[PDB]
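**Student:** Next up is a structure, given as structure tokens.
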Amino acid sequence: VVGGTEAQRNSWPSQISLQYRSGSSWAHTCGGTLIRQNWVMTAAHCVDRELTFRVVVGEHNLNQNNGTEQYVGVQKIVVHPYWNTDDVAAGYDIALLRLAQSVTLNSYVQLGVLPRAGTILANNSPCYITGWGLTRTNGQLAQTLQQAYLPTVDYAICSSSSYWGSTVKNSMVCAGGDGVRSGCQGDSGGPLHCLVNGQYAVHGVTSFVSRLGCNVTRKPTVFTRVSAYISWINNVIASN
Ligand SMILES: [Ca+2]
Numbered sequence: 213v214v215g216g217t218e219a220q221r222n223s224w225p226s227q228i229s230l231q232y233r234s235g236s237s238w239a240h241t242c243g244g245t246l247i248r249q250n251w252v253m254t255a256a257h258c259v260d261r262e263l264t265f266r267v268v269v270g271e272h273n274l275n276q277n278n279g280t281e282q283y284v285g286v287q288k289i290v291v292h293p294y295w296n297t298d299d300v301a302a303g304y305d306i307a308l309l310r311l312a313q314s315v316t317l318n319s320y321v322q323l324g325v326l327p328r329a330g331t332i333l334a335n336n337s338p339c340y341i342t343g344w345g346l347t348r349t350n351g352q353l354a355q356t357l358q359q360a361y362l363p364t365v366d367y368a369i370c371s372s373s374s375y376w377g378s379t380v381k382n383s384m385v386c387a388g389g390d391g392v393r394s395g396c397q398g399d400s401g402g403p404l405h406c407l408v409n410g411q412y413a414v415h416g417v418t419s420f421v422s423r424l425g426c427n428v429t430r431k432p433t434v435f436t437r438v439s440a441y442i443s444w445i446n447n448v449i450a451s452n
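Going by this note's numbering, the final residue of the sequence shown carries number 452, and the count climbs one at a time with no gaps.
Structure follows, in structure tokens:
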């Protein structure tokens with residue numbers, strides 16, 4: 213997250229860190245949202261590589277002991293069957309991970325609230341992106357969880373020519389684009405939390421930013437629209 217601020221420890225208890233094993237260590241690669249004690253929602257592009265992955269819940273600082281983390285292996289990776297890695301702009305960038313163990317819920321580990329199916333946010337709706345992603349274009353990951361205020365940009369505007377044009381689909385949510393704050397690599401897969409009727413819900417799964425860079429004016433961060441995928445998510449969870 214470029215232009216973010218450090219999140220409070222208990223603000224976003226559905227945020228997870230998806231990590232892969234590299235030698236004898238583990239490296240954060242993406243975010244996700246805990247949606248059941250034993251399921252995580254993330255981006256399909258986060259699990260394109262044939263890696264060994266674990267999920268960390270209750271994580272705050274990637275480089276130091278918080279006294280709150282639970283570490284759990286990934287038992288099953290269900291990618292959306294229309295996902296194509298060579299075409300992020302086609303959408304379907306979503307995947308569900310079944311965890312090898314159910315995690316324990318507490319202040320730091322909670323299920324993410326998801327929007328009702330079909331819900332679309334008005335233009336300029338208040339949202340925060342969260343993650344440990346790069347803090348600058350071509351920069352480095354944050355040690356502590358960051359958040360950035362990223363108001364949505366409606367589809368009519370987002371899919372216009374000076375924004376993302378036809379690159380953006382109605383199955384996506386755009387947010388930010390102020391040239392200062394944005395998601396960035398390593399935020400992928402994580403939540404966009406938006407305020408609706410008093411309640412934050414996870415309306416987005418972070419998908420992509422411009423090839424030009426992370427915080428680019430009129431290139432808002434793009435997210436998979438969670439409310440387009442409710443039936444899909446239920447169907448998976450019901451049959452795995
Ligand atoms: Ca930690």
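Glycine included, each C-beta is placed from N, C-alpha and C at the ideal position.
Can you check the stretch 275-341 for any beta strand (DSSP E) of at least 3 residues that lies completely inside it and give the ranges in chain order?
**Tutor:** Counting only runs of 3 or more, we get 282-291 and 307-311.
**Student:** Report the option in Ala312, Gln231 and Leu246 whose CA atom is closest to the CA atom of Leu263.
**Tutor:** For the residues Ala312, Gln231 and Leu246, the minimum Cα distance to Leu263 belongs to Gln231.
**Student:** State yes or no: is the C-beta of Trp251 within less than 8 Å of the C-beta of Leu326?
**Tutor:** Not closer than 8 Å, so no.
**Student:** Using 8 Å for Cβ pairs, my map puts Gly388 next to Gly243. What's the rounded Cβ distance?
**Tutor:** Not quite, the Cβ-Cβ distance comes to about 16 Å (not below 8 Å), so this is no contact.
**Student:** Classify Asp305: buried if its beta carbon has 16 or more other beta carbons within 10 angstroms, exposed otherwise.
**Tutor:** Classification for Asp305: buried.
**Student:** Based on Cα-Cα distance, which residue from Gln355, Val300 and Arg248 lies nearest to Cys258?
**Tutor:** Out of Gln355, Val300 and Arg248, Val300 has the C-alpha closest to the C-alpha of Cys258.
**Student:** Pull up the distance between the alpha-carbon of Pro363 and that of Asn335, whole angstroms please.
**Tutor:** Their Cα atoms are separated by approximately 8 Å.
**Student:** Helix, strand or coil for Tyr412? Go by DSSP, reduced to three states.
**Tutor:** In the structure shown, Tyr412 sits in a strand (DSSP, three-state: E or B).
**Student:** Comparing alpha-carbon positions, which option in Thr418, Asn452, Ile445 and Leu353 lies nearest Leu274?
**Tutor:** Out of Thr418, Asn452, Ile445 and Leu353, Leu353 has the C-alpha closest to the C-alpha of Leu274.
**Student:** Which residue from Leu407, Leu424, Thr245 and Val284 puts its Cα closest to that of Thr331?
**Tutor:** With distances taken between Cα atoms, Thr331 lies closest to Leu407.
**Student:** Report the option in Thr349, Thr429, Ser439 and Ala440 whose CA atom is closest to the CA atom of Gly391.
**Tutor:** Ranking the options by Cα distance to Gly391, first place goes to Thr429.
**Student:** The beta strand (DSSP E) spanning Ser237 covers which residue range?
**Tutor:** Unbroken beta strand (DSSP E) run through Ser237: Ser237 to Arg248.
**Student:** Where do the N-terminal and C-terminal ends of the alpha helix (DSSP H) with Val448 fall, by residue?
**Tutor:** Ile442 to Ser451 is the extent of the alpha helix (DSSP H) around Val448.
**Student:** If you draw a straight line from the alpha carbon of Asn427 to that of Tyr361, how long is it in whole angstroms?
**Tutor:** Cα to Cα, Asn427 sits roughly 13 Å from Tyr361.
**Student:** May I ask you to report which of helix, strand or coil DSSP gives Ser229?
**Tutor:** Three-state DSSP puts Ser229 in a strand.
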